[PDB]
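**Q** Please find the sequence and an experimentally derived structure below.
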Amino acid sequence: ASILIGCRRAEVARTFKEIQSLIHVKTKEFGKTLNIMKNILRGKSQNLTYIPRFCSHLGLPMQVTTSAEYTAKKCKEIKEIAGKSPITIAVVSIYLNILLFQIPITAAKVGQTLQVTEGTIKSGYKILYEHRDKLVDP
Amino acid sequence: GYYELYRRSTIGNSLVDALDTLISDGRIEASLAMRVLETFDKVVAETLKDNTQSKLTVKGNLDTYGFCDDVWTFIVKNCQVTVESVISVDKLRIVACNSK
Amino acid sequence: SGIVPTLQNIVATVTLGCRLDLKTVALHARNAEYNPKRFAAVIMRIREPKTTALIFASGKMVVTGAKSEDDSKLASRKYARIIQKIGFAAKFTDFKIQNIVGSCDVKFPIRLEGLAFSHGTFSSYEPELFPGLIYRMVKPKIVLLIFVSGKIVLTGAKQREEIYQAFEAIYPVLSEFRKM
Amino acid sequence: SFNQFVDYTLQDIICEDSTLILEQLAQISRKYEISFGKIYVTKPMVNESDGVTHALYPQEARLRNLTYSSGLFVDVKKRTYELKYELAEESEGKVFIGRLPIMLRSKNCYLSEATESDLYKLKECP
Amino acid sequence: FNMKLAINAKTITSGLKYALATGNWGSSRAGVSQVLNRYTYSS
Amino acid sequence: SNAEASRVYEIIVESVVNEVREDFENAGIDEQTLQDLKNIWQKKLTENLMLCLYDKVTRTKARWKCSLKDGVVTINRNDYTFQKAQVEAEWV
Amino acid sequence: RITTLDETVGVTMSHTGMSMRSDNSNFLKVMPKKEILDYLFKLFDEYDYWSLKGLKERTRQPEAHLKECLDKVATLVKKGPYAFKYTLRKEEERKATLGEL
């Protein structure tokens, strides 16, 4: 918990899954502890960052990354499923942006590598494809 | 080991009736009758385990259900039963003992 | 506005006043389940009002699944009669509603992140863990689950007015954070 | 001298003592064992705070108060015994032990292969 | 057991980085590392 | 109507009799008494009850599903024997 | 020789740090009481040493319940070849007392 906090407060981002890879917290128990800690901090008184980090894992060009950033902001405004957690949106946003460009990752490789269910990426892709009209930076 | 539920089956009742007769009608050693039934319990179990192929499908209204002491009791009404043919039954009683 | 929350589940407790033999209870009831190895209570059910009861050896009973306070007391008395009919010296006492759940639809999408930022001390929102925002209201002390779709869940109430009170209090806030 | 150390010494040091076994007792006794294989060296890289990772050319390396280094990977094969009986998980791992500073112009650094105008693009005076 | 916890990278990494920063091999050796002299290309 | 049933029934009678013979001989009763048991049992043999084992029982709302195994049923005066059975029933 | 990995270097680092990928391998993943007690006592005269496992196998009851009553009749020896086994210290009268209670 304290780690994930310091990540947040540091403007860095780490996924619940990632920390979950460093430590086995059982999940739900973790959420409750994190919330109580958050409450204590208030008493003592943002997906976007994830997008470049993922490119790293894929080693994608800069233009791809910034394209993905525009894509994330545009997708969040257009609403429609509200995101179903940010992680799915960040990965799908990428998958779109890359498929715009010629650079193959195909699908299963990104689903494995980034640990997103292939069905999830394709499902996100259909709805995202529908709004292809307004997501185009130039 | 081996549940005694199969004694309530057609083949089980028949056995009971036969033995009861040998005891009363004759002078055939009772207690041995029990030994026989103990054998029955085991045989029906292995036979139904190793000598069956059929797969049944029962669909209908659940009139009543119940659980106590590792035994599930169901009473299905207006059901269609599929063998591997389609049969219909107004009222079917099911008694199931834990496989584990 | 015009929207009033719909009650979805009422949980109540009843003291039967006598010890019970659970195998006996499970055996004699028409709609009972009892597996000591999984949970220490007979799970009994009745068709009208459609409810489920958790019956303990101490004679205490939890009744859940009702959609109205009337239905809760009604079904509770019914479960007590069943225990009597089976033969125990049970009495219908201490009927008390412990939890009321309600829900409604405001008919517009909500900006959960904005709401969480604005009402930070009462809010908890981790969309990757659970998609809804958990809002912990002070007065009345009610917990609300707020979703992007505009569907709202209110829980933790002991009285119906608290469900109604909380929604009235939250509506202006949900409006402030609408999407269209 | 540094190049010889990079090509040969890392492989030999890891190879000389890699094997370590755990002795497990039960009442049946048991072993666990981990070996170190062919080591792998990278090209020089940088980990930024956010976690974006990218190649590092020395110029920038100076300016940003960085350390010019490449990562190191090791092949870890893990085994389990039960007692010489052998079960275990293998292949599939390539493990990051740590970063190794890299001498400029050596075979590992990016500049050693550069040409004149090439160097000028990177702004390292030939 | 999880590999990331078992292997600690800063042991090696920060170890070497430290040593070359201080130039002390241990002291058992000192001053082995020295900042380069850019006074003149000869130097 | 089922043939597998009659076959199973035959296996049961034959199998039980031969096993029971030891005890019968021990009790010094009579081989022909054993033969009588066999003939009477088979004679008797010539109400919609299923006896079996359960692997799993589940429920979601008022929908119940059951994975039954190794059983015997009498449906409308006919007997069936099965390896597996699936029950899909809706409670109210 | 030693082989230099030539990749975009991003993939290698992603695998290094927290990758959102876990597991994929496993290494060091780590009769009523009246007749029951009477029967168990007849075993105790029949066996000067026995186990809660042998008793649970007979009585088909949790070893915890078996350990409680045995503390009354039997005592435990934790040393020797018979270690972790209970030894004793009329049987028909005890059985009739169990039937009464």
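**A** Sure, I can see it. Residues are numbered from 1 along each chain as shown, chains lettered A, B, ... in the order given.
**Q** Pull the contacting residues for the residue most central in space within chain D.
**A** The centroid of chain D falls nearest to residue D:72 when counting by CA atoms, centre = their mean (1.2 Å). Residues near residue D:72 by CB atoms under 8 Å, 6 or more residues apart in numbering or on different chains: D:10, D:39, D:40, D:41, D:42, D:96, D:97, D:98, D:99, D:100, E:12. C-beta here means a position set from N, CA and C on the backbone, and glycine is covered the same way.
**Q** what separates the last one from chain D, distance-wise?
**A** What it means is residue E:12. Using CB to the nearest CB, to the nearest Å, residue E:12 is found at 3 Å from chain D.
**Q** Near residue C:110, how many other residues are there?
**A** 24 (other CB atoms under 10 Å in any protein chain shown).
**Q** same deal with residue B:38?
**A** Neighbours of residue B:38 (other CB under 10 Å): 14.
**Q** Next: the one 5 residues further on.
**A** A count of nearby residues for residue B:43, using other CB under 10 Å, gives 21.
**Q** host element of it?
**A** Taking DSSP states H and E as the criterion, residue B:43 maps to helix B:32-50.
**Q** Repeat that for residue C:114.
**A** Residue-wise, residue C:114 maps onto helix C:112-118 under DSSP H and E.
**Q** Tell me where chain B has strands.
**A** Counting by DSSP state E, chain B has strands at residues B:55-68, B:71-83, B:86-98.
**Q** With respect to chain E, which of those lies nearest?
**A** Of all these, strand B:86-98 sits nearest to chain E, with 36.5 Å by CB to the nearest CB.
**Q** is any part of the closest one close to chain G?
**A** No. Counting by CB under 8 Å from any CB of the partner chain, no contacts exist between strand B:86-98 and chain G, the nearest distance being 14.0 Å.
**Q** residues making contact with that strand?
**A** Contacts for strand B:86-98 (CB under 8 Å, 6+ apart): B:3, B:5, B:8, B:58, B:60, B:63, B:70-81, F:47-54, F:57, F:66, F:68, F:71, F:73, F:75-76, F:78, F:87.
**Q** now swap in stretch B:9-24 and tell me
**A** B:6-7, B:28-30, B:33, B:36-37, B:40, B:44, F:9, F:12-13, F:16, F:33, F:36-37, F:40-41, F:43-45, F:49, F:51, F:72, F:74, F:79.
**Q** hmm, try it at 7 Å
**A** B:6-7, B:28, B:30, B:33, B:36, B:40, F:9, F:12, F:33, F:36-37, F:40-41, F:44-45, F:51, F:72, F:74, F:79 (CB atoms under 7 Å, 6 or more residues apart in numbering or on different chains).
**Q** what helices or strands is the biggest helix by length in chain E leaning on?
**A** Longest helix in chain E, counting residues (DSSP state H): helix E:9-22. Where contact means 3 or more CB pairs under 7 Å, 6 or more residues apart in numbering or on different chains; DSSP states H and E, helix E:9-22 is packed against strand D:94-101.
**Q** What residues of the strand it packs on count as buried?
**A** Going by neighbour count (16 or more other CB atoms under 10 Å in any protein chain shown), the buried part of strand D:94-101 is D:94, D:95, D:96, D:97, D:98, D:99, D:100.
**Q** circling back to that earlier point, report the angle between the longest helix of chain E and strand D:94-101.
**A** Inter-element angle recorded for helix E:9-22 and strand D:94-101: 10 degrees (by axes from the mean of the first three to the mean of the last three CA atoms, to 10 degrees).
**Q** the strands in chain D, which residues?
**A** According to DSSP E, the strands that chain D contains are D:20-24, D:30-47, D:53-55, D:69-81, D:94-101.
**Q** and what of chain G?
**A** Using DSSP E, strands in chain G cover G:3-4, G:75-77, G:85-87.
**Q** what's in contact with the shortest one?
**A** What that stands for is strand G:3-4. D:40, D:41, D:42, D:43, D:108.
**Q** what does chain G have sitting close to chain F?
**A** Contact residues, chain G versus chain F (CB under 7 Å from any CB of the partner chain): none.
**Q** Enumerate the positions of the longest helix seen in chain G that are buried.
**A** What stands out as the longest helix in chain G, according to DSSP H, is helix G:33-46. Buried residues in helix G:33-46, counted by 16+ other CB under 10 Å: G:36, G:37, G:38, G:40, G:41, G:44.
**Q** Also stretch D:2-21?
**A** D:6, D:10, D:14, D:18.
**Q** now do stretch B:1-13
**A** B:3, B:5, B:6, B:7, B:9, B:10, B:11, B:12.
**Q** Quick check: the second one touching residue F:49?
**A** No. Using CB atoms under 7 Å, residue B:5 makes no contact with residue F:49, being 10.1 Å away.
**Q** ranking the strands of chain G by burial, who's on top?
**A** strand G:85-87 (a mean of 19; mean count of other CB atoms under 10 Å in any protein chain shown).
**Q** just checking, what packs against that one?
**A** Judged by 3+ CB pairs under 7 Å, 6+ apart, strand G:85-87 is in contact with strand G:75-77.
**Q** Please list the outside residues in contact with the helix holding residue B:43.
**A** B:2-4, B:6-7, B:12, B:15, B:19, B:23, F:8, F:11-12, F:15-16, F:19-20, F:23, F:27, F:70-72, F:81.
**Q** One more pass at 8 Å, please.
**A** B:1-4, B:6-7, B:9, B:11-12, B:15-16, B:19-20, B:22-23, F:8, F:11-12, F:15-16, F:19-20, F:23-24, F:27, F:29, F:37, F:70-72, F:81, F:83.
**Q** Out of the residues you listed, which sit inside helices?
**A** B:11-12, B:15-16, B:19-20, B:22-23, F:8, F:11-12, F:15-16, F:19-20, F:23-24, F:37.
**Q** Mind giving me the ChimeraX command for buried ones among these?
**A** In ChimeraX syntax, the buried subset of the ones in helices among the contacts of helix B:32-50 is picked out as below (16+ other CB under 10 Å):
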select /B:11,12,15,16,19,22 /F:8,11,12,15,16,19,20,23,24,37
